[PDB]
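Following this are structure 1 and structure 2, which are two forms of one protein chain, each written alone as C-alpha cells.
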Structure 1
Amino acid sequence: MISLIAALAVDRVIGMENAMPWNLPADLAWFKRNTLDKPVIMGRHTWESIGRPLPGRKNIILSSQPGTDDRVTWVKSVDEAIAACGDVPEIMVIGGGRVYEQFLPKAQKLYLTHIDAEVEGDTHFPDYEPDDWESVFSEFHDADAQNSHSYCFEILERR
C-alpha cells in the first residue's frame, strides 16, 4: 500500500519559498517514526531541500532529468517509482505538492500533521474529501517550550 505523509497548515499550505516560520520538533519525531526503514518517494524539489538521503530508508527521487546523486534511486515516472520500491508492506510518499497530487489517488492511508499556523505558501496539499476516509487516529497537542504552534496528528484510511 501507498501512504502519503505531510504537515499542513491552514489552507492546506505545505510549502513556500523560504524556510517555514515554525519549529516543530514533535512533527519530526512523528515523521521519523512513521517512515523508519520503509522506502520513501519524493520529488526533485523535496530531495533538494532535504539535501542528503534519509538514513535507514531506501530513497526514490522522481525527476524528468538524469540523476545527480548516485546515493539515491532516480526514476522518471510514477510507475517506475512504484516498481523501484519493490514488494514492501508500505511505501511512503513524502512530498512535494506535485508528487502528492499524483499519488493521492493511489494512496490507502494518510498521515497528517495539522498545524495551527496561517502562512502564505505557494504549495498546497491536494484537496481531499474527509468523508472518503476513516479517521483512525487523532491526537492534539498544544504549543510548548519546544513546539512553536499547536498541532494535531491524524491517521486516515481510505474507505
Structure 2
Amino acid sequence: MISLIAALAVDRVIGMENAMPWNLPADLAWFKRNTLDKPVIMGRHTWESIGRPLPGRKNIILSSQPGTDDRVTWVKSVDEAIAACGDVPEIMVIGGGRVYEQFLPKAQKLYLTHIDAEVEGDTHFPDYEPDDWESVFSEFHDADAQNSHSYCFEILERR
C-alpha cells in the first residue's frame, strides 16, 4: 500500500526555503522507524535537500528531467514511481508539498507528526478531507530538554 509520512507545524506548514525550521529529534526517530527497509518516494527538491540517499531504503526520485545521480532510482511520473517499487507491503511517500498532493488520492495511510510550533512556511501538507480518514494511533508528547515543542504522532487510515 501507499503511505504518506510528514511533519506538520501550525497551519499544515511542512517547510520553508527547502529545510524544516524546528529541531525535533523524536520526530527524526519516528521517521526512521516507520521508513526503514521500505522504498521511499520523493520529489527532486526533497532529494537535493537531503544530499545523500537514505540508507537501508530504496530511494525513488520524481523529476520530469533525466536523472543526475546513479545512487538513486529516477522516475518521470507518479505511476512510474509506484511501478519502480515492485511488490512490497508498503510504499513511503516522504515529500515534499507537490509530491504529497499527487500521492494523497492513491494513499491508504498517513503518518502525521503534528508539531505545536508557529512557523513561517512556503510549503504546506495537502488539505485532506478529515471524514475520509480514521485516526487509528495518536500519541501526544510534551516538550522536553531534547524537543523544543510538544508533538503528536498520528496514524490515519482511509475509511
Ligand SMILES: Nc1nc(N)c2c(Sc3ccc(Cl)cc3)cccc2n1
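Residues that one form lacks are left out of the comparison. Rigid core (definition): largest C-alpha set, two forms, superposition within 1.5 Å. Numbers follow structure 1, counted from its first residue as 1.
Enquirer: Looking at both, which one would you say is the form solved without this ligand?
Expert: The chain shown as structure 1 is the form solved without this ligand.
Enquirer: Determine whether the C-alpha of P25 shifts by 2 Å or more between the two structures once the rigid core is superposed.
Expert: No, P25 moves less than 2 Å.
Enquirer: Once you lay the two forms on top of each other by their rigid core, how far has the C-alpha of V72 moved between the two structures, in Å?
Expert: The shift comes out to 0.2 Å.
Enquirer: Lining up the core, where do at least three residues in a row all have CA moves of 2 Å or more between the two structures?
Expert: Only this run moves by 2 Å or more: 18-21.
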